[PDB]
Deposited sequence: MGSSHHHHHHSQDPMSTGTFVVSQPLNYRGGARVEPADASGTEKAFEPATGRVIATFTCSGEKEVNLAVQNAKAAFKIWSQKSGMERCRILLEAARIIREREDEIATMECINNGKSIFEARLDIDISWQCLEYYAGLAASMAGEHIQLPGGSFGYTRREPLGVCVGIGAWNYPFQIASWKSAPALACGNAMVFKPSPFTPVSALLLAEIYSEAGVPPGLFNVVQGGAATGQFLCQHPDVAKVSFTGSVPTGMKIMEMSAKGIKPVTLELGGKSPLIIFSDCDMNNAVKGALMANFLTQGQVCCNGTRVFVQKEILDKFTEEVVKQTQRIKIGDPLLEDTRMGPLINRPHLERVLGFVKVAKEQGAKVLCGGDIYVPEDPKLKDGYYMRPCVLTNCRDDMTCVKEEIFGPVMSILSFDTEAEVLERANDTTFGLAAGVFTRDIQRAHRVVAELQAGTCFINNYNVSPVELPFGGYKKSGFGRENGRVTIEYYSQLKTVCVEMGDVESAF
């Protein structure tokens, strides 16, 4: 029932004690946009010290109720929330599209990851166990993972609903309360999650929302009743060898660069192509790039939406200008795009860019752009690429395309990237295990480790006999 060019926020954008509330305090005002049209969908207040304290106080009170509930009870409520997310999926997805600009196609995938996340941690809540140890003379020791208390979740604008779910679901599962601060660019979708938690049966104040930027963030970090804060080198390389499957290598390169309008750090933007296939590959990539459907993100066939902001679009367009000044050849795009739909005339659109004759010294190769810009770097040998792509940090991903699996594993072994892809590339947030493949699951280690972030181990030792005095 919701469409592009019509949405306007009509309710308060903070959320405390199970209801939408206006900030009690100001730390500034921000404007949220519909990137597809360039319309202001909200002029909202950033939360001040007093508003931040009301949220934390109200979450501390909920924490006391929720932490005392069983893992079984907590699981029940989180599984309900996942069911509500699943039922209201298209409504949630369209709202994320309206405010962020990603295609409905990509918003649905992010929403899926969100309710899957909830189910996973709900399951972990119901199956949590500590250790029990036997001590001589009937004595014993035991451990328990306990919540920390009020957790602060800091959002980002690229995956607003998903970052909200990903932070709250494990924190809540362990028995914590959370005060969530969305990115000021994207305030809207986090409130849908807040409402859903309430509807599911979460105690009022367990999941609170405070809008604001840096000042709000500082107030949250400095708060004495806040237990923990959950925040959110060379760029991600993609190595294409001459022996690879060309069609799959091209598909992978496009997915690596133009999903989420290339606005993510997990994007494999440094495309190293072997000299022999270099000409054939570039020809095919440009042909395919020029065919990407740009327009209204609510349209099912749209694959490229607008960029997050006008400042952001301008910054990306500046990278393109610097690249051709540094000697790169713009094969296609990197120009402002004006869509055929008149309602989209002032949207933050640009044609996806493919740059060739790229060098390691270039700032477009050295720096993360956060726009749809592919840098094609030519290479000759396996030793050369490994030497050129060594500067990759653990926090980044990497992709390798070669029919030789000895070569593939050898390249992956030497690469310092945390996530490596052989004959594929997935653009998925860092938190998601196994490179965010659809039918992957989460394994057990991801959950165990993220649970440890939102908890602490309490140890109890019960002496059944007499004390062994050294004195």
Which deposited-sequence positions, grouped into ranges, are missing C-alpha coordinates?
1 to 13, 246 to 269
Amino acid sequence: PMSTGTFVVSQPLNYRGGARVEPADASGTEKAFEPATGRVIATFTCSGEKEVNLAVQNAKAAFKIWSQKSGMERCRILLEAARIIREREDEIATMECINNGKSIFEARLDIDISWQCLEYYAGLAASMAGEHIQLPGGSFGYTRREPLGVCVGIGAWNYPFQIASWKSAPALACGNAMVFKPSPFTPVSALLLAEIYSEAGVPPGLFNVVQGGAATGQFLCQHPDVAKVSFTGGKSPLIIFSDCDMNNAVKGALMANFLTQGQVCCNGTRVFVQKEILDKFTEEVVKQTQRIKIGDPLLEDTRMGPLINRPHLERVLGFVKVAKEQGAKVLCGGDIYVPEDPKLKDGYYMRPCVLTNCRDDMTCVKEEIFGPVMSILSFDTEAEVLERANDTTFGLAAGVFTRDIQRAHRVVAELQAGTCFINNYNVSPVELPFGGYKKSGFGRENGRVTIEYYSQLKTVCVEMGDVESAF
From here on, numbers count along this sequence of modelled residues.
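Superpose the two forms; the largest set of C-alphas matching within 1.5 Å is the rigid core.
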How do 44 to 52 and 61 to 69 compare in 4 other deposited structures of this protein: which one has C-alphas farther from this form after the rigid core is matched?
61 to 69
Do the Cα atoms of 244 to 252 stray more than those of 140 to 148 in 4 other deposited structures of this protein, or is it the other way round, with the core held fixed?
140 to 148
Please check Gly399 against the other PDB entries of this protein that were compared: is it missing in at least a third of those that model both its neighbours?
no
Other compared entries missing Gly212, a third or more:
no
Can you let me know which of the two, 328 to 336 or 178 to 186, has the higher average C-alpha B-factor in the entry?
328 to 336
Given the B-factors recorded for C-alpha atoms, which segment has the greater mean, 366 to 374 or 155 to 163?
366 to 374
One of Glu199, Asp341, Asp110, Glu131 has the largest Cα B-factor in the entry, namely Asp341
Which one of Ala214, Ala249, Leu192, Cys117 shows the biggest C-alpha B-factor in the PDB entry?
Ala249
Classify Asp404 as lowest, middle or highest third according to the C-alpha B-factor given in the PDB entry, relative to its own chain.
highest
What third of its chain, lowest, middle or highest, does the C-alpha temperature factor of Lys235 fall into?
highest
Chain third (lowest, middle, highest) by recorded CA B-factor, residue given as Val411:
highest
Lowest, middle or highest third: where is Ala125 by Cα B-factor in its chain?
middle
Relative to the other modelled residues in the chain, which third contains the C-alpha temperature factor of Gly395: lowest, middle or highest?
highest
